[PDB]
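As structure tokens, the structure follows; a few thoughts come after it.
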Amino acid sequence: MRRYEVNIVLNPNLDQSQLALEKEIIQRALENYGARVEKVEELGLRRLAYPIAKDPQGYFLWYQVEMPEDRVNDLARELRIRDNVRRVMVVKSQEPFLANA
Amino acid sequence: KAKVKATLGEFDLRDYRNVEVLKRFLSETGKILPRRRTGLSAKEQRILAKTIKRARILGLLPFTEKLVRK
Amino acid sequence: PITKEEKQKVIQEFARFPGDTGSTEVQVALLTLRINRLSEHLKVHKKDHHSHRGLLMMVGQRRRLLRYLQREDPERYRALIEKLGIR
Amino acid sequence: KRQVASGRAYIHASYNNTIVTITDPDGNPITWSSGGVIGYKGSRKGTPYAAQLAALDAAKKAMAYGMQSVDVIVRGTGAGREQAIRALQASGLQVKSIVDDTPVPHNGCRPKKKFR
RNA sequence: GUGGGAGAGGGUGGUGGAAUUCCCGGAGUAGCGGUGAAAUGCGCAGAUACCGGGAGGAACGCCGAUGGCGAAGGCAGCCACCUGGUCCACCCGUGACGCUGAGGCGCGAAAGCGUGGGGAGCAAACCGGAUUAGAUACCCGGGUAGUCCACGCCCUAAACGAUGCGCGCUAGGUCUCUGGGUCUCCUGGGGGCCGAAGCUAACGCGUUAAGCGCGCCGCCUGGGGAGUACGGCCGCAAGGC
Ligand SMILES: [Mg+2]
Ligand SMILES: [Mg+2]
Ligand SMILES: [Mg+2]
Ligand SMILES: [Mg+2]
Ligand SMILES: [Mg+2]
Ligand SMILES: [Mg+2]
Ligand SMILES: [Mg+2]
Ligand SMILES: [Mg+2]
Ligand SMILES: [Mg+2]
Ligand SMILES: [Mg+2]
Ligand SMILES: [Mg+2]
Ligand SMILES: [Mg+2]
Ligand SMILES: [Mg+2]
Ligand SMILES: [Mg+2]
Ligand SMILES: [Mg+2]
Ligand SMILES: [Mg+2]
Ligand SMILES: [Mg+2]
Ligand SMILES: [Mg+2]
Ligand SMILES: [Mg+2]
Ligand SMILES: [Mg+2]
Ligand SMILES: [Mg+2]
Ligand SMILES: [Mg+2]
Ligand SMILES: [Mg+2]
Ligand SMILES: [Mg+2]
Ligand SMILES: [Mg+2]
Ligand SMILES: [Mg+2]
Ligand SMILES: [Mg+2]
Ligand SMILES: [Mg+2]
Ligand SMILES: [Mg+2]
Ligand SMILES: [Mg+2]
Ligand SMILES: [Mg+2]
Ligand SMILES: [Mg+2]
Ligand SMILES: [Mg+2]
Ligand SMILES: [Mg+2]
Ligand SMILES: [Mg+2]
Ligand SMILES: [Mg+2]
Ligand SMILES: [Mg+2]
């Protein structure tokens with residue numbers, strides 16, 4: 001298995017039942033691909049520097065996961081199929097390379 | 001008038017999610033800045049870049065901007 | 001990939017004595033393992049020309065190590081070839 | 001008839017001519033102008049003098065619509081892209097921002113033989 | 001073998017913004033374009049300029065370098081997967097297992113060929129406008145093959161460092177990319193510029209030899225005729241050796 005980080009930018013205008021239904025669905029199809037969730041971040045409402053889908057803002061999720069590599073591209077095709085989800089970016093985890101230190 | 005990493009603390013070059021710091025290395029327009037302005041090393045700047053381009057696709061950073069005065 | 005302990009299984013299998021890492025046996029076995037992987041790579045991906053050159057290289061090396069090993073100790077050579085299914 | 005108050009001025013300046021379109025805060029043009037709009041016909045279209053006259057034209061025409069404050073956007077480069085904003089500066093329209101927006105591509109299209 | 005690294009090395013699938021073209025819509029008039037100057041062209045069926053929405057292709061600004069990777073050809077958005085080569089440190093394992101390489105086999109820019117897609121910009125042929133003594137060209141307005149993708153052929157080049165591969169030796173200096181160190185500096189491994197000895201017809205080369213040596217392969221032996229002719233082999237052909 002490898003360490004990945006999933007980013008999610010979805011509709012900023014979502015009401016509660018809605019938004020935590022998208023969250024429920026993401027998580028559902030995370031465990032569905034054999035991914036184990038390590039840690040989570042929600043930065044939430046944030047101001048994009050250019051409009052994404054006609055919309056000046058976006059809602060921000062960050063997950064750290066570990067999972068089967070042979071899947072991770074399917075994992076992505078899946079997170080993307082969802083309608084309200086504007087970006088999905090999955091990265092490999094890397095060490096913190098600094099400077100000025 | 002001197003360089004960027006001059007004004008900054010120990011900070012992560014590989015964290016694409018940090019806009020507060022990363023906006024600093026962009027120019028007036030979104031243009032990633034020259035080394036001579038960022039004061040980085042080769043490996044440094046080369047990492048900074050790819051980290052920006054990521055942030056950009058995530059929507060956090062400008063692909064481009066508009067010029068004021070002129 | 002080849003994760004480190006796949007590597008290990010092959011080595012700590014193929015050594016003349018414990019601790020031997022680089023003897024001809026172990027070399028040819030590591031070679032072989034890597035070769036078979038690359039062969040299975042280019043069963044798809046026929047258009048990967050550069051990796052293929054790599055394979056040529058790997059290959060030619062194995063044959064050289066065998067060629068030696070035969071010239072030295074035929075008993076152990078036939079041991080090897082039988083154990084790996086080659087030449 | 002509009003009564004448009006504050007508005008947006010666009011200077012598009014190529015090597016061959018200048019032209020100025022004037023719009024409203026949400027971007028819909030009101031009047032426009034160019035070197036050919038006024039007398040000028042050939043090459044002397046892309047002089048600066050005409051860039052002057054063009055700007056001026058467009059802004060007199062806008063005076064007629066009830067304009068005061070005007071924010072400028074500018075696209076292109078060619079002689080009297082500047083002269084345009086100078087003319088249009090002392091026009092009687094108070095100029096609020098000036099901005100250069102010239103489109104540049106991140107490299108899509110092969111250009112024409114004269115352009116590479 | 002173990003540990004650590006850099007990279008546009010390759011192949012596969014995703015994806016992002018900028019720009020162009022087009023289509024729909026709002027608003028707005030008389031021109032836009034174009035050049036030395038013009039005209040053809042487009043525009044009252046409403047263009048150009050401006051704002052919003054969609055479609056589609058191709059290429060990835062800044063970072064970018066006098067940089068990096070690759071045997072060469074060549075390789076630049078971001079992500080993931082599959083994979084090649086390589087560098088340093090440790091001095092642990094085998095124990096001469098080495099070098100070169102006629103033939104063969106494989107790769108091989110661009111254009112070109114076949115079959116099927118795709119086609120925005122560009123653009124051989126071509127159609128026009130100019131210029132000129134004429135213009136069959138430069139310059140302007142169009143435009144088809146093609147450029148793109150898949151699969152299969154073609155095998156050429158200023159395929160250039162015009163410098164075959166490997167190893168050993170022979171002052172340094174300066175800039176640099178990337179490793180390890182007791183981190184001003186030292187030490188490996190790439191890229192450059194000056195220069196010892198030396199070489200060279202000269203230009204120049206000079207620890208990235210064109211120096212001093214050894215091994216092995218390719219090749220040369222006036223110009224024109226001529227990369228022609230004849231024969232053979234390859235190729236659907238073009239044409240190649
Ligand atoms: Mg979606
Ligand atoms: Mg003109
Ligand atoms: Mg690459
Ligand atoms: Mg690649
Ligand atoms: Mg792509
Ligand atoms: Mg577009
Ligand atoms: Mg319309
Ligand atoms: Mg007319
Ligand atoms: Mg008409
Ligand atoms: Mg008409
Ligand atoms: Mg539009
Ligand atoms: Mg179309
Ligand atoms: Mg550049
Ligand atoms: Mg690798
Ligand atoms: Mg030893
Ligand atoms: Mg020993
Ligand atoms: Mg011994
Ligand atoms: Mg060889
Ligand atoms: Mg070829
Ligand atoms: Mg071709
Ligand atoms: Mg074809
Ligand atoms: Mg054209
Ligand atoms: Mg003609
Ligand atoms: Mg033309
Ligand atoms: Mg030659
Ligand atoms: Mg020689
Ligand atoms: Mg190299
Ligand atoms: Mg050096
Ligand atoms: Mg040097
Ligand atoms: Mg020199
Ligand atoms: Mg001398
Ligand atoms: Mg030498
Ligand atoms: Mg003769
Ligand atoms: Mg020939
Ligand atoms: Mg004969
Ligand atoms: Mg013949
Ligand atoms: Mg020929």
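Here, A, B, ... name the chains of the structure tokens in the order displayed, residue numbers run from 1 inside each chain, and ligands are numbered from 1 in the same displayed order.
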In segment 9-65 of chain D, what's helix (DSSP H, G or I) per DSSP? Answer as an MDAnalysis selection string? chainID D and resid 43:46 49:63
Output C-alpha atoms for every residue in that selection, as a PDB file, in the first residue's frame.
ATOM      1  CA  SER D  43      -2.233  53.121 -43.110  1.00  0.00           C
ATOM      2  CA  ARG D  44      -2.839  56.503 -41.442  1.00  0.00           C
ATOM      3  CA  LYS D  45      -5.578  54.642 -39.505  1.00  0.00           C
ATOM      4  CA  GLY D  46      -2.888  53.221 -37.164  1.00  0.00           C
ATOM      5  CA  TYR D  49      -3.040  60.960 -34.117  1.00  0.00           C
ATOM      6  CA  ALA D  50      -5.992  58.916 -35.130  1.00  0.00           C
ATOM      7  CA  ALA D  51      -5.714  57.083 -31.850  1.00  0.00           C
ATOM      8  CA  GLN D  52      -6.169  60.461 -30.212  1.00  0.00           C
ATOM      9  CA  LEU D  53      -9.144  61.341 -32.424  1.00  0.00           C
ATOM     10  CA  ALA D  54     -10.673  57.963 -31.900  1.00  0.00           C
ATOM     11  CA  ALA D  55     -10.547  58.086 -28.149  1.00  0.00           C
ATOM     12  CA  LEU D  56     -11.815  61.592 -28.276  1.00  0.00           C
ATOM     13  CA  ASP D  57     -14.661  60.650 -30.563  1.00  0.00           C
ATOM     14  CA  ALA D  58     -15.791  57.792 -28.397  1.00  0.00           C
ATOM     15  CA  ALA D  59     -15.700  59.991 -25.320  1.00  0.00           C
ATOM     16  CA  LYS D  60     -17.606  62.923 -26.889  1.00  0.00           C
ATOM     17  CA  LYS D  61     -20.144  60.301 -27.985  1.00  0.00           C
ATOM     18  CA  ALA D  62     -20.231  59.073 -24.382  1.00  0.00           C
ATOM     19  CA  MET D  63     -20.533  62.573 -22.960  1.00  0.00           C
TER      20      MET D  63
END
Quiz prompt | Contact residues around segment 50-65 of chain B with only C-alpha atoms (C1' of nucleotides) at 10 Å, ignoring same-chain residues under 5 positions, as a PyMOL selection string | solution = (chain A and resi 7-9+46-52+57-58+60+86-89+91) or (chain B and resi 13-20+22-23+25-32+45) or (chain D and resi 100-101+104+106) or (chain E and resi 15-18+61-63+77-79)
So which residues touch segment 192-204 of chain E within 9 Å, counting only C-alpha atoms (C1' of nucleotides), skipping near sequence neighbours fewer than 2 positions away, as a PDB file with C-alpha atoms (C1' of nucleotides), in the first residue's frame?
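Result went into result_20.pdb, see below:
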ATOM      1  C1'   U E  66      24.426  29.768 -20.877  1.00  0.00           C
ATOM      2  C1'   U E 170      49.719  13.785 -18.255  1.00  0.00           C
ATOM      3  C1'   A E 171      49.459  21.669 -14.345  1.00  0.00           C
ATOM      4  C1'   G E 172      45.741  24.472 -13.045  1.00  0.00           C
ATOM      5  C1'   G E 173      41.876  28.229 -12.950  1.00  0.00           C
ATOM      6  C1'   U E 174      36.728  30.009 -13.179  1.00  0.00           C
ATOM      7  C1'   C E 175      31.131  29.181 -13.744  1.00  0.00           C
ATOM      8  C1'   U E 176      27.701  25.334 -13.013  1.00  0.00           C
ATOM      9  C1'   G E 206      44.044  20.668 -24.308  1.00  0.00           C
ATOM     10  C1'   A E 209      42.119  15.842 -25.963  1.00  0.00           C
ATOM     11  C1'   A E 210      42.142  16.840 -31.528  1.00  0.00           C
ATOM     12  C1'   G E 211      47.806  15.091 -25.849  1.00  0.00           C
ATOM     13  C1'   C E 212      50.728  10.172 -24.309  1.00  0.00           C
TER      14        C E 212
END
Next item on the list: Within 6 Å of chain C, which residues of chain E are there when counting only C-alpha atoms (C1' of nucleotides)? Please give them as a ChimeraX atom specification.
Entry: /E:1,10-11,84,93-94,97
With C-alpha atoms (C1' of nucleotides) retained, export the selected residues as a PDB file, in the first residue's frame.
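Generated output (result-v1.pdb):
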ATOM      1  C1'   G E   1      23.862  -6.435  -1.742  1.00  0.00           C
ATOM      2  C1'   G E  10       9.833   5.625 -22.140  1.00  0.00           C
ATOM      3  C1'   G E  11       4.516   3.497 -22.271  1.00  0.00           C
ATOM      4  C1'   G E  84      14.249   1.785 -18.413  1.00  0.00           C
ATOM      5  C1'   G E  93      28.803 -10.661  -1.438  1.00  0.00           C
ATOM      6  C1'   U E  94      30.773 -13.411  -6.164  1.00  0.00           C
ATOM      7  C1'   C E  97      32.690 -13.259 -14.756  1.00  0.00           C
TER       8        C E  97
END
Mind listing the residues within 10 Å of ligand 6, only C-alpha atoms (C1' of nucleotides) and all ligand atoms counted, as a PDB file with N, CA, C and O atoms (P, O5', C5', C4', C3', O3' and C1' of nucleotides), in the first residue's frame?
ATOM      1  P     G E  17     -10.496  24.827 -15.711  1.00  0.00           P
ATOM      2  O5'   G E  17      -9.633  26.014 -16.340  1.00  0.00           O
ATOM      3  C5'   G E  17      -9.126  27.074 -15.534  1.00  0.00           C
ATOM      4  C4'   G E  17      -7.882  27.689 -16.138  1.00  0.00           C
ATOM      5  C3'   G E  17      -8.046  28.433 -17.451  1.00  0.00           C
ATOM      6  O3'   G E  17      -8.535  29.747 -17.306  1.00  0.00           O
ATOM      7  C1'   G E  17      -6.222  26.987 -17.627  1.00  0.00           C
ATOM      8  P     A E  18      -9.419  30.388 -18.495  1.00  0.00           P
ATOM      9  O5'   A E  18      -8.293  30.990 -19.445  1.00  0.00           O
ATOM     10  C5'   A E  18      -7.130  31.585 -18.893  1.00  0.00           C
ATOM     11  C4'   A E  18      -6.071  31.869 -19.935  1.00  0.00           C
ATOM     12  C3'   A E  18      -6.547  32.166 -21.348  1.00  0.00           C
ATOM     13  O3'   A E  18      -7.047  33.479 -21.509  1.00  0.00           O
ATOM     14  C1'   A E  18      -4.802  30.632 -21.441  1.00  0.00           C
ATOM     15  P     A E  19      -8.141  33.806 -22.640  1.00  0.00           P
ATOM     16  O5'   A E  19      -7.372  33.439 -23.999  1.00  0.00           O
ATOM     17  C5'   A E  19      -6.452  34.352 -24.603  1.00  0.00           C
ATOM     18  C4'   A E  19      -5.861  33.791 -25.879  1.00  0.00           C
ATOM     19  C3'   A E  19      -6.833  33.537 -27.019  1.00  0.00           C
ATOM     20  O3'   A E  19      -7.154  34.685 -27.779  1.00  0.00           O
ATOM     21  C1'   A E  19      -5.577  31.602 -26.682  1.00  0.00           C
ATOM     22  P     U E  20      -8.643  34.827 -28.363  1.00  0.00           P
ATOM     23  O5'   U E  20      -8.571  34.073 -29.770  1.00  0.00           O
ATOM     24  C5'   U E  20      -7.450  34.213 -30.633  1.00  0.00           C
ATOM     25  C4'   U E  20      -7.393  33.103 -31.668  1.00  0.00           C
ATOM     26  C3'   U E  20      -8.688  32.806 -32.398  1.00  0.00           C
ATOM     27  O3'   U E  20      -8.968  33.738 -33.440  1.00  0.00           O
ATOM     28  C1'   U E  20      -7.695  30.771 -31.719  1.00  0.00           C
ATOM     29  P     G E  54     -20.624  27.219 -20.235  1.00  0.00           P
ATOM     30  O5'   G E  54     -20.800  26.504 -21.650  1.00  0.00           O
ATOM     31  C5'   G E  54     -21.787  25.499 -21.830  1.00  0.00           C
ATOM     32  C4'   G E  54     -22.031  25.185 -23.291  1.00  0.00           C
ATOM     33  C3'   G E  54     -20.967  24.372 -23.994  1.00  0.00           C
ATOM     34  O3'   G E  54     -21.040  22.997 -23.678  1.00  0.00           O
ATOM     35  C1'   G E  54     -21.668  26.146 -25.400  1.00  0.00           C
ATOM     36  P     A E  55     -19.717  22.096 -23.705  1.00  0.00           P
ATOM     37  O5'   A E  55     -19.396  21.987 -25.260  1.00  0.00           O
ATOM     38  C5'   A E  55     -20.352  21.419 -26.147  1.00  0.00           C
ATOM     39  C4'   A E  55     -19.884  21.434 -27.583  1.00  0.00           C
ATOM     40  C3'   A E  55     -18.496  20.897 -27.822  1.00  0.00           C
ATOM     41  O3'   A E  55     -18.474  19.484 -27.879  1.00  0.00           O
ATOM     42  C1'   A E  55     -18.760  22.934 -28.989  1.00  0.00           C
ATOM     43  P     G E  56     -17.277  18.665 -27.201  1.00  0.00           P
ATOM     44  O5'   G E  56     -16.125  18.764 -28.304  1.00  0.00           O
ATOM     45  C5'   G E  56     -16.401  18.478 -29.673  1.00  0.00           C
ATOM     46  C4'   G E  56     -15.402  19.123 -30.614  1.00  0.00           C
ATOM     47  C3'   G E  56     -13.937  18.935 -30.265  1.00  0.00           C
ATOM     48  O3'   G E  56     -13.439  17.662 -30.644  1.00  0.00           O
ATOM     49  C1'   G E  56     -14.319  21.197 -30.796  1.00  0.00           C
TER      50        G E  56
END
Exercise. For chain B, list the residues within 6 Å of chain D, counting only C-alpha atoms, and write the list as a list in words.
Key: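 Here they are: residues 66, 67, 68 and 69 of chain B.
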For residue 152 of chain E, please output as a list in words all residues within 12 Å (counting only C-alpha atoms (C1' of nucleotides); exclusion window: fewer than 3 positions along the same chain).
->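 My list of contacting residues is residues 113, 114, 115, 116 and 236 of chain E.
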Quiz item: Residues of chain D within 8 Å of chain E, using only C-alpha atoms (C1' of nucleotides), as a PyMOL selection string?
Solution: chain D and resi 10+12+16+19-23+26-32+36-37+43+103-112
Requested in this report: Identify, counting only C-alpha atoms (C1' of nucleotides) and all ligand atoms, the protein, DNA and RNA residues located within 10 Å of ligand 23, and give them as a count of residues only.
Outcome: 8
- Would you list, as a PyMOL selection string, the residues of chain A that end up in strand (DSSP E) under DSSP run on this structure's backbone? chain A and resi 2-10+36-52+55-67+85-92
Using N, CA and C atoms, can you write the selected residues to a file as a compact mmCIF listing (two decimals), in the first residue's frame?
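Produced file again.txt, reproduced below:
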# COMPACT_ATOMS: atom_id res chain seq x y z
N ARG A 2 0.29 2.38 -0.41
CA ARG A 2 1.02 3.64 -0.42
C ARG A 2 0.20 4.76 0.24
N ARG A 3 0.89 5.82 0.60
CA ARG A 3 0.25 6.95 1.23
C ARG A 3 -0.14 8.00 0.21
N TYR A 4 -1.43 8.27 0.13
CA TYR A 4 -1.97 9.25 -0.78
C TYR A 4 -2.71 10.35 -0.03
N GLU A 5 -2.89 11.50 -0.67
CA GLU A 5 -3.74 12.57 -0.15
C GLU A 5 -4.81 12.96 -1.17
N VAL A 6 -6.07 12.79 -0.81
CA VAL A 6 -7.16 13.24 -1.65
C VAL A 6 -7.64 14.68 -1.36
N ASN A 7 -7.70 15.51 -2.41
CA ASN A 7 -8.34 16.81 -2.31
C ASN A 7 -9.66 16.85 -3.00
N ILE A 8 -10.57 17.58 -2.39
CA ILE A 8 -11.92 17.66 -2.89
C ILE A 8 -12.44 19.11 -2.85
N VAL A 9 -12.85 19.60 -4.01
CA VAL A 9 -13.48 20.89 -4.02
C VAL A 9 -14.87 20.71 -4.59
N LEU A 10 -15.88 20.91 -3.74
CA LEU A 10 -17.28 20.75 -4.14
C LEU A 10 -18.13 22.03 -3.90
N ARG A 36 -7.86 2.99 3.40
CA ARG A 36 -7.97 3.30 4.82
C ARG A 36 -7.62 4.76 5.11
N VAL A 37 -8.57 5.42 5.76
CA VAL A 37 -8.48 6.82 6.05
C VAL A 37 -7.54 7.03 7.23
N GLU A 38 -6.53 7.87 7.04
CA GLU A 38 -5.57 8.15 8.08
C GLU A 38 -5.95 9.43 8.81
N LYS A 39 -5.89 10.56 8.13
CA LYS A 39 -6.42 11.78 8.75
C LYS A 39 -7.26 12.69 7.81
N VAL A 40 -8.10 13.55 8.41
CA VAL A 40 -8.98 14.45 7.65
C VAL A 40 -8.83 15.95 7.95
N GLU A 41 -9.09 16.75 6.92
CA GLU A 41 -9.14 18.20 7.04
C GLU A 41 -10.32 18.74 6.25
N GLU A 42 -11.08 19.63 6.88
CA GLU A 42 -12.03 20.46 6.16
C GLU A 42 -11.71 21.94 6.36
N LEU A 43 -11.20 22.58 5.31
CA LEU A 43 -10.98 24.01 5.34
C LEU A 43 -12.25 24.74 4.93
N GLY A 44 -13.12 24.03 4.20
CA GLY A 44 -14.45 24.53 3.88
C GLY A 44 -14.59 25.64 2.85
N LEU A 45 -15.33 26.68 3.21
CA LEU A 45 -15.54 27.78 2.29
C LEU A 45 -14.28 28.56 2.04
N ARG A 46 -13.88 28.63 0.78
CA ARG A 46 -12.65 29.34 0.45
C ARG A 46 -12.73 30.02 -0.92
N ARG A 47 -11.97 31.10 -1.07
CA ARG A 47 -12.11 31.97 -2.23
C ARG A 47 -11.14 31.55 -3.32
N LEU A 48 -11.62 30.97 -4.41
CA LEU A 48 -10.72 30.54 -5.49
C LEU A 48 -10.12 31.76 -6.15
N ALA A 49 -9.02 31.56 -6.85
CA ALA A 49 -8.39 32.70 -7.48
C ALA A 49 -8.96 32.94 -8.89
N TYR A 50 -9.69 31.95 -9.38
CA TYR A 50 -10.42 32.05 -10.63
C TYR A 50 -11.67 31.19 -10.43
N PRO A 51 -12.78 31.57 -11.08
CA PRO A 51 -14.05 30.89 -10.83
C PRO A 51 -14.03 29.47 -11.35
N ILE A 52 -14.46 28.55 -10.49
CA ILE A 52 -14.61 27.16 -10.86
C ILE A 52 -16.08 26.78 -11.01
N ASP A 55 -18.59 29.73 -10.47
CA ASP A 55 -18.73 30.02 -9.06
C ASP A 55 -17.45 30.54 -8.41
N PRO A 56 -17.49 31.79 -7.89
CA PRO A 56 -16.34 32.49 -7.30
C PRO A 56 -15.69 31.78 -6.10
N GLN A 57 -16.35 30.77 -5.54
CA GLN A 57 -15.78 30.04 -4.39
C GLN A 57 -15.79 28.52 -4.55
N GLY A 58 -15.36 27.85 -3.48
CA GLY A 58 -15.44 26.40 -3.45
C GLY A 58 -15.36 25.87 -2.04
N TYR A 59 -15.76 24.62 -1.86
CA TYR A 59 -15.75 24.00 -0.53
C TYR A 59 -14.69 22.91 -0.49
N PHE A 60 -13.82 22.99 0.51
CA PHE A 60 -12.56 22.27 0.50
C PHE A 60 -12.42 21.18 1.55
N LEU A 61 -12.20 19.96 1.04
CA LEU A 61 -11.90 18.75 1.81
C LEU A 61 -10.51 18.22 1.55
N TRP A 62 -9.84 17.77 2.59
CA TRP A 62 -8.54 17.15 2.41
C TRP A 62 -8.48 15.90 3.25
N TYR A 63 -8.18 14.78 2.60
CA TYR A 63 -8.08 13.50 3.26
C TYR A 63 -6.67 12.99 3.08
N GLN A 64 -6.16 12.24 4.05
CA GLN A 64 -4.92 11.48 3.88
C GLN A 64 -5.30 10.01 3.97
N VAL A 65 -4.92 9.20 3.01
CA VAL A 65 -5.37 7.84 2.99
C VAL A 65 -4.20 6.94 2.66
N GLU A 66 -4.36 5.64 2.87
CA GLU A 66 -3.38 4.68 2.38
C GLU A 66 -4.17 3.67 1.61
N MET A 67 -3.68 3.22 0.46
CA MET A 67 -4.49 2.29 -0.31
C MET A 67 -3.78 1.51 -1.43
N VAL A 85 -19.19 17.67 -7.24
CA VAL A 85 -17.77 17.71 -6.95
C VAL A 85 -16.96 18.30 -8.08
N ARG A 86 -16.43 19.50 -7.87
CA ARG A 86 -15.77 20.25 -8.92
C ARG A 86 -14.32 19.88 -9.23
N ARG A 87 -13.54 19.54 -8.21
CA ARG A 87 -12.20 19.02 -8.48
C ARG A 87 -11.95 17.88 -7.56
N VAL A 88 -11.12 16.96 -8.04
CA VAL A 88 -10.66 15.86 -7.24
C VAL A 88 -9.22 15.75 -7.58
N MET A 89 -8.33 15.90 -6.60
CA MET A 89 -6.90 15.73 -6.86
C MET A 89 -6.24 14.76 -5.91
N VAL A 90 -5.81 13.63 -6.41
CA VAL A 90 -5.16 12.71 -5.50
C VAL A 90 -3.69 12.69 -5.77
N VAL A 91 -2.91 12.85 -4.71
CA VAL A 91 -1.46 12.93 -4.80
C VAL A 91 -0.76 11.82 -3.99
N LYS A 92 0.49 11.50 -4.32
CA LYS A 92 1.24 10.65 -3.41
C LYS A 92 1.76 11.55 -2.30
Could I get the residue neighbourhood of ligand 33 at 9 Å, counting only C-alpha atoms (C1' of nucleotides) and all ligand atoms, as a PDB file with N, CA, C and O atoms (P, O5', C5', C4', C3', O3' and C1' of nucleotides), in the first residue's frame?
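Output file part_24.pdb follows:
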ATOM      1  P     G E 222      42.680   8.547 -55.481  1.00  0.00           P
ATOM      2  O5'   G E 222      42.519  10.094 -55.347  1.00  0.00           O
ATOM      3  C5'   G E 222      41.351  10.731 -55.823  1.00  0.00           C
ATOM      4  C4'   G E 222      41.496  12.234 -55.785  1.00  0.00           C
ATOM      5  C3'   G E 222      40.387  13.009 -56.472  1.00  0.00           C
ATOM      6  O3'   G E 222      39.279  13.251 -55.614  1.00  0.00           O
ATOM      7  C1'   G E 222      42.460  13.671 -57.351  1.00  0.00           C
ATOM      8  P     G E 223      37.781  12.869 -56.074  1.00  0.00           P
ATOM      9  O5'   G E 223      37.384  14.128 -56.942  1.00  0.00           O
ATOM     10  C5'   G E 223      37.623  15.437 -56.453  1.00  0.00           C
ATOM     11  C4'   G E 223      37.365  16.483 -57.506  1.00  0.00           C
ATOM     12  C3'   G E 223      36.131  16.285 -58.363  1.00  0.00           C
ATOM     13  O3'   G E 223      34.933  16.685 -57.716  1.00  0.00           O
ATOM     14  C1'   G E 223      37.949  16.819 -59.748  1.00  0.00           C
ATOM     15  P     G E 224      33.578  15.818 -57.884  1.00  0.00           P
ATOM     16  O5'   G E 224      33.228  15.992 -59.445  1.00  0.00           O
ATOM     17  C5'   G E 224      32.749  17.231 -59.950  1.00  0.00           C
ATOM     18  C4'   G E 224      32.666  17.260 -61.468  1.00  0.00           C
ATOM     19  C3'   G E 224      31.748  16.250 -62.151  1.00  0.00           C
ATOM     20  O3'   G E 224      30.376  16.609 -62.089  1.00  0.00           O
ATOM     21  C1'   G E 224      33.800  16.356 -63.304  1.00  0.00           C
ATOM     22  P     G E 225      29.275  15.528 -61.664  1.00  0.00           P
ATOM     23  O5'   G E 225      29.451  14.387 -62.765  1.00  0.00           O
ATOM     24  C5'   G E 225      28.793  14.515 -64.017  1.00  0.00           C
ATOM     25  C4'   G E 225      29.272  13.516 -65.036  1.00  0.00           C
ATOM     26  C3'   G E 225      28.745  12.102 -64.880  1.00  0.00           C
ATOM     27  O3'   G E 225      27.512  11.940 -65.506  1.00  0.00           O
ATOM     28  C1'   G E 225      31.071  12.076 -65.218  1.00  0.00           C
TER      29        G E 225
END
| message | as a PyMOL selection string, please: the residues near segment 34-44 of chain B (cut-off 7 Å, only C-alpha atoms (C1' of nucleotides), same-chain neighbours under 4 positions excluded). | response | chain B and resi 3-5+25+48
- For chain B, work out the contacting residues on chain A at 6 Å, counting only C-alpha atoms, and write them as a list in words.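 Residues satisfying the distance criterion: residues 48, 49, 97, 98, 99, 100 and 101 of chain A.
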Protein and nucleic acid residues within 10 Å of ligand 10 (only C-alpha atoms (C1' of nucleotides) and all ligand atoms) as a PyMOL selection string: chain E and resi 42-45
| task | Show me which residues sit within 9 Å of ligand 7 when counting only C-alpha atoms (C1' of nucleotides) and all ligand atoms, and put them as a VMD selection string. | result | chain E and resid 24 to 26 46
